[PDB]
Student: 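Below are the structure tokens for one structure; questions will follow.
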4 protein chains.
Amino acid sequence: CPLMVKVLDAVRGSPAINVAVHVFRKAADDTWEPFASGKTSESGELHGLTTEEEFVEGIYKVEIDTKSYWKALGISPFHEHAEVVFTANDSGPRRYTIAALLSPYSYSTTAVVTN
Amino acid sequence: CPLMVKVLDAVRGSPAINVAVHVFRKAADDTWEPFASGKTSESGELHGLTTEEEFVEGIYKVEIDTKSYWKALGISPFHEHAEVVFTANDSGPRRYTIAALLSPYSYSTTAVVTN
Amino acid sequence: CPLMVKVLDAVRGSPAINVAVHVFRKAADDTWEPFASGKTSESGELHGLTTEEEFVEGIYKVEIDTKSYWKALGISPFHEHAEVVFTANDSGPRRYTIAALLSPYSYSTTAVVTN
Amino acid sequence: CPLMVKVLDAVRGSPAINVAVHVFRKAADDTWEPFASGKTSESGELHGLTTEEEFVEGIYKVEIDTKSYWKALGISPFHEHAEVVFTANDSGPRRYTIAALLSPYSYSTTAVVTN
Ligand SMILES: COc1cc(C(=O)O)ccc1Oc1ccccc1
Ligand SMILES: COc1cc(C(=O)O)ccc1Oc1ccccc1
């Protein structure tokens, strides 16, 4: 609810389906601990990663396995994965949508933070 | 239903609200005739532009008034507007979502064409 | 060189070579009058479109023939072209670099404006 | 120059000057070992990170300190940084240009890989 991920394919002009997404939370020893994961739906969205009670302020990394995605389509990719590292902040609005647009040699990611 | 437009603001990380959007259809004299328009909602989306019966194959231009949008926020923009010109094609899938990510000196546009 | 265009290929991770580019300048009647044209080089760059003396204040449109570029690669792209529209020199003479990153169903454009 | 980084500012339409860049190379243990570092110049480009002899096959991470760059401009950005992760030289020696386009809540990265 508080955190949603949406992936799109700029080569085929479609949602990016069954893309693996891992979210990590930065721990006090500065290592990344597993926090949430899932695979995008037919609409390229991944919902239900976390809840308001568990999504406390902190630094989060979301990993999008873009390489596996392009491999399964038979298209050489450049990147190992796409990356979005950010600070969740209770001051700001509290719904985070991380959207990624993927090409084999390029990606863009944007955050839409709303109520 | 067949044609949807979604605009996002990469400076504020939010949907781009009350953005004017004009769609034109290319006529046989190669001029652009008015086809549909509206303003994006609070969620940055613009729905109900056209229907399946009216959205025939042809070349369409969609105009996003990005300049007015940045002006009202007090931010100098570079572009007069953002532009997406494309051929609607009955062979391909038939729902078109045109998404635009806006920055003052840059924009990206992507088409997601589904069932 | 007051106006330079650089085009990259997001699918192949390379400059986009031999891409046709047409520039227009909006006249009184609000018709687009042919201004300058050329094709990108091996580096993806197009230099020599215009001169400081010829490139007066005005509203310019840079049309990048993205469709012919994807078609010669066997790809049926979404966009007919990428149009960049902007007011040039209106706060005085500037040097403009219009960069475009191309994918079959997506493109991004940015402007680097220096004094 | 086998590795070059270029950073642009989508808000100001200018190169992103003085942006810190750190490169790591994944070791056996799957830890990221410091590889090279520097800051972009007035042109937004960072040259001289490494040499042909030093830049062997491996998995590299290029971290661009986008947050410090937006903060010195008075902007509180979404991302902690922009990380680019890729396998280099695995089909033989290449020259790599990693380009990033920055906005406060968004970034795009592309790779131009030449032989
Ligand atoms: C919500 O976010 C996006 C949503 C959609 C859609 O909801 O079908 C498309 C693109 C979006 O993002 C992007 C637009 C341009 C570049 C990157 C993503
Ligand atoms: C070397 O590559 C780029 C170069 C320039 C420039 O030469 O001034 C601009 C954008 C570049 O890449 C980008 C293109 C679009 C989006 C992001 C970066």
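First listed ligand is number 1; within each ligand, the first listed atom is number 1. Sequence lines set the chain letters: A, B, ... in the order given, protein chains first and strands last, and positions in each chain run from 1. Basis for what follows: all heavy atoms, side chains included, without hydrogens, waters or symmetry-related copies.
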Student: Quick one: side-chain hydrogen bond (donor to acceptor under 3.5 Å, both in side chains) partners of D/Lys61, sequence neighbours excluded?
Tutor: none

Student: Just so I know, are the side chains of D/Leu101 and C/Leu101 near enough to count as touching, which here means a heavy-atom distance under 4.5 Å?
Tutor: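 No, too far: nothing below the 4.5 Å cut-off.
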
Student: If you apply the rule ring-ring contact (aromatic ring centres under 6.0 Å, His included), what do you find for B/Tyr96 with B/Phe86, and how did you get there?
Tutor: CA-CA 11 Å; B/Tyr96 296 78; B/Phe86 64 101; 5.7 Å; yes

Student: Side-chain polar contacts of residues 77-85 of chain B - donor-acceptor pairs under 3.5 angstrom, sequence neighbours left out - could you list them?
Tutor:
from    : atom 1 : to      : atom 2 : distance (Å)
B/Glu80 : OE2    : B/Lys67 : NZ     : 3.1
B/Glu80 : OE2    : C/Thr87 : OG1    : 2.8

Student: Got A/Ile64 and A/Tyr69 here, is their nearest side-chain heavy-atom distance under 4.5 Å?
Tutor: no

Student: List below, pair by pair, the N or O atoms of ligand 1 and of the protein that are less than 3.5 Å apart, including the distance to 0.1 Å; reply 'none' if no pair qualifies.
Tutor:
from     : atom 1 : to     : atom 2 : distance (Å)
ligand 1 : 7 (O)  : A/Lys6 : NZ     : 2.7
ligand 1 : 8 (O)  : A/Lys6 : NZ     : 3.2

Student: Sorted by first residue and then second, give each side-chain hydrogen bond (donor to acceptor under 3.5 Å, both in side chains) pair with at least one member in residues 104-115 of chain A; sequence neighbours left out.
Tutor: A/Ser108-D/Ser108

